[PDB]
Amino acid sequence: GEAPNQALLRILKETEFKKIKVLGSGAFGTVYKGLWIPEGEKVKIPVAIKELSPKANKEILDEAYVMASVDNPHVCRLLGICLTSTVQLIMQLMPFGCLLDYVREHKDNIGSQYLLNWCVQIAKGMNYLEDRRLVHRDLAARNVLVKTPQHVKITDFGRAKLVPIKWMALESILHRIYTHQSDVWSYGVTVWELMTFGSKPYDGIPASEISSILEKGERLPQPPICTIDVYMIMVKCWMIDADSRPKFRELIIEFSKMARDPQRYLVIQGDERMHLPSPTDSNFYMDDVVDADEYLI
Ligand SMILES: CO[C@@H]1CCN(c2nccc(Nc3cc4c(cn3)nc([C@@H](C)O)n4[C@@H](C)C(F)(F)F)n2)C[C@@H]1F
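Numbered according to the authors' numbering, the sequence shown spans residues 696 to 747, 752 to 861, 876 to 998, 1007 to 1018.
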């Protein structure tokens, strides 16, 4: 009756890592860019260090539990924790930040190939979470991070289980019902954010008016770049009947077929003549630096 979770929680010494600069800050605490230099290993791993009252410590340890329990190319895993006066989460540095800020800042160089591929990768990551019986409950473009422009990962397990109104399924707003199918709704909203190059969903409408608006049948509008093929997918993610919504495995298939002929599915001016940084560029990436994805003890 439910499988033992044999994930390893790695406790890291404070002396093993250094903080370089602040990446972000909120009520939770601060996230630092850093380097992890294990034992006598001759490796430097670029890391994001989340630094943090008894309840805040329980919530960070709950997120640490979930984050240490995942292992997929399209999901962010916990590298370890540091037990100092303040508890720190050691995660992989995602050097291009969140996908939301990336689509806003690089809009003039984002072609249909990148957009459709990001959709496939998010669906792959989400399908993995589903296989793991994990309901994210906070999927949004802000919680998809960019390792490279061609590789994105889902993160922020602070709400994950075995309030973001504008990304939530109607059952979730009204009854607090969360399933893999309620994550599919959030997936649809995330796709809309990517296709509109980071527009705010239902901008100006207060969160208390969203449930009423959804009940009448109003949905997010068709982004200008989206063909009816792409929009019809987003719309199916926003059906009232949760079981009528597509499954993540089907979203992988649908977006993959589209990623094979991207210009037939997304209409972007100057598409294919657009350039984004890749690991085959000068000064893209300093001795003994190894990405967390290749550091496997
Ligand atoms: C609220 O806590 C969440 C927990 C999940 N998290 C996360 N998960 C895995 C890897 C990772 N690394 C990570 C996060 C980064 C980053 C580089 N790497 N650059 C930024 C800024 C410039 O945009 N961020 C954001 C999201 C920040 F963390 F500052 F808020 N960050 C991001 C954040 F710490």
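The beta carbon of each residue, even a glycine, is placed where N, CA and C say it ideally should be.
**Report entry** Selected residue, minimal CA-CA separation from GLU746, among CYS775, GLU734, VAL786
**Finding:** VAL786
Check: Given that a residue counts as buried once 16 or more other Cβ atoms are within 10 Å of its Cβ, and exposed if not, what is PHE712?
Finding: buried
Please confirm if the region 938-955 is in contact with the region 917-924, defined as three or more CB-CB distances below 8 Å between the two stretches.
Between the region 938-955 and the region 917-924 there are fewer than three inter-stretch CB-CB distances shorter than 8 Å, so the stretches are not counted as touching.
For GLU746, the residue or residues it bridges with in DSSP: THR725, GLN787
Notebook entry, point to check: Given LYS728, which residues of its chain have a CB within under 7 Å of its CB, disregarding the five upstream and five downstream residues?
Noted result: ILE715, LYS716, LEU718, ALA743, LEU792
With a threshold of 16 other CB atoms inside 10 Å of the CB of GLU906, please say whether the residue is buried or exposed. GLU906 comes out buried.
Hey, is the region 800-813 in contact with the region 766-786, meaning 3+ C-beta pairs nearer than 8 Å? Contact fails: fewer than three Cβ-Cβ distances are below 8 Å.
Can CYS818 be considered in contact with ligand 1, in the sense that its beta carbon sits closer than 8 Å to one or more heavy atoms? In this structure, the C-beta of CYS818 stays at least 8 Å away from each heavy atom of ligand 1.
query: With distances taken from CA atoms, which of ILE965, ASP984, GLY901 is nearest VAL819?
result: Of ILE965, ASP984, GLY901, the residue nearest in Cα terms is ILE965.
*Is the region 834-841 in contact with the region 896-912, if contact means three or more CB pairs nearer than 8 Å?*
yes
Exercise. Could you name the residues of the same chain whose beta carbon sits closer than 7 Å to that of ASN700, not counting the 5 residues immediately before and after it, in chain order?
Key: Shown here for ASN700: same chain residues with a beta carbon closer than 7 Å to its own, the five before and five after excluded, namely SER768 in chain order.
*asked:* Can you tell me whether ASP800 sits near ligand 1, meaning its C-beta is under 8 Å from at least one heavy atom of the ligand?
replied: yes
- prompt: Tell me which same chain residues have a C-beta within less than 8 Å of the C-beta of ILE886, skipping the five on either side of it?
  reply: Residues of the same chain with a CB within less than 8 Å of the CB of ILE886, apart from the 5 flanking positions on each side, are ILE878, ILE923, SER924, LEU927 in chain order.
* Output yes or no for whether 9 Å exceeds the beta carbon distance between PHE910 and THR847. => no
Original post:
Could you check where the beta strand (DSSP E) with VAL851 kicks off and where it finishes?
Top reply: 850-853
task: Can you tell me the Cβ-Cβ gap for residue 1021 and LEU815, rounded? I've got them flagged as a contact below 8 Å.
output: Since the first and last residues shown for the chain are 696 and 1018, residue 1021 lies out of range.
Query raised in the report: Is the distance from the Cβ of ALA972 to the Cβ of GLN812 below 9 Å?
Result: Result yes, Cβ atoms of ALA972 and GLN812 sit closer than 9 Å.
Got a sec: does ligand 1 put a non-hydrogen atom nearer than 8 Å to the Cβ of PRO772? Every heavy atom of ligand 1 is 8 Å or more from the Cβ of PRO772, so no.
Can you have a look at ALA822 and say buried or exposed, based on whether 16 or more other CB atoms are within 10 angstroms of its CB?
buried
Exercise. Using a threshold of 9 Å, state whether the C-beta atoms of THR854 and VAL876 are closer than that.
Key: For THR854 and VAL876, no; Cβs fall outside 9 Å.
Item to complete: List the residues that DSSP assigns as beta-bridge partners of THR847.
Response: Note: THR847 sits in a beta bridge opposite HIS850.
For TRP951, the three-state DSSP class (helix, strand or coil): coil
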